[PDB]
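>>> Partial complex follows, first chain(s) only, in situ:
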Amino acid sequence: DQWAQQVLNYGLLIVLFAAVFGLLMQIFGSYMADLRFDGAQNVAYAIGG
């Protein structure tokens, strides 16, 4: 019973982290890929975001 419970625990962990981490890390990657130190973007806005 305990072994099955731990298997379920870590399976749910891997599912949740796969999905949510992929989504969040892709969003962060896109945002950082748009970042530029040109004269047109506010440095404070970009770093704060």
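On my side now, so go ahead. Numbering: from 1, shown residues only, chains lettered A, B, ... in the order given.
>>> Pull the contacting residues for residue A:35.
A:41, A:46 (CB atoms under 8 Å, 6 or more residues apart in numbering). Quick note: C-beta positions are derived from backbone N, CA and C, even for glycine.
>>> Check the spacing between it and residue A:41 real quick.
Here residue A:35 is placed at a distance of 7 Å from residue A:41 (CB to CB, to the nearest Å).
>>> now swap in residue A:49 and tell me
10 Å.
>>> could you list every residue that touches residue A:40?
No contacts exist for residue A:40 under CB under 8 Å, 6+ apart.
>>> Please report phi then psi for it.
phi -100, psi -20 (degrees, to the nearest 10).
>>> quick one: it from residue A:46, how far?
For residue A:40, the distance to residue A:46 equals 11 Å [CB to CB].
>>> Please apply the same query to residue A:36.
Using CB to CB, residue A:36 is found at 8 Å from residue A:46.
>>> what do you get for residue A:18?
Distance from residue A:18 to residue A:46, counting by CB to CB: 29 Å.
>>> Have a look at those two and say which one is more surrounded.
Taking neighbours as other CB atoms under 10 Å, residue A:18 and residue A:46 compare with residue A:46 leading, 14 against 10.
>>> Chain B should join the structure above:
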Amino acid sequence: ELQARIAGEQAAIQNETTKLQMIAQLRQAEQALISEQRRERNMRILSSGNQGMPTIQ
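Chain B now in position relative to the chains above:
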């Protein structure tokens, strides 16, 4: 005549001395201008009038 020729030669060397002083002043001015351009670029990057930021899409 030779004395006056040598005097003119001294005047020419004086003129070169003045020219070298002028060149040194111009060198200093050029360095100051390069620094001014650097600071203009820095101000342009960090200006608070900028309104852009990355977009989430």
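>>> and the contacts of residue A:35, now that chain B is part of it?
Residue A:35 makes contact with A:41, A:46, B:54, according to CB atoms under 8 Å, 6 or more residues apart in numbering or on different chains.
>>> Looking at those residues, which one is closest to residue A:3?
Nearest to residue A:3 among these: residue B:54, at 46.4 Å, using CB to CB.
>>> Pretty sure that closest one sits against residue A:43.
No: using CB atoms under 8 Å, residue B:54 is not in contact with residue A:43; the gap is 11.7 Å.
>>> list the buried ones in the helix ranked longest in chain A?
The single longest helix within chain A, with elements called by DSSP state H, is helix A:2-34. Neighbour-count burial for helix A:2-34 flags A:31, A:34 (criterion: 16 or more other CB atoms under 10 Å in any protein chain shown).
>>> tell me how far that helix is from the chain's mean position?
The chain centroid and the centroid of helix A:2-34 are separated by 8 Å under CA atoms, centre = their mean, to the nearest Å.
>>> check whether that helix contacts chain B.
Yes: using CB under 8 Å from any CB of the partner chain, helix A:2-34 reaches chain B at A:27, A:30, A:31, A:32, A:33, A:34.
>>> Return the closest of the residues you listed with respect to chain B.
Among those, residue A:34 lies closest to chain B (CB to the nearest CB), at 3.5 Å.
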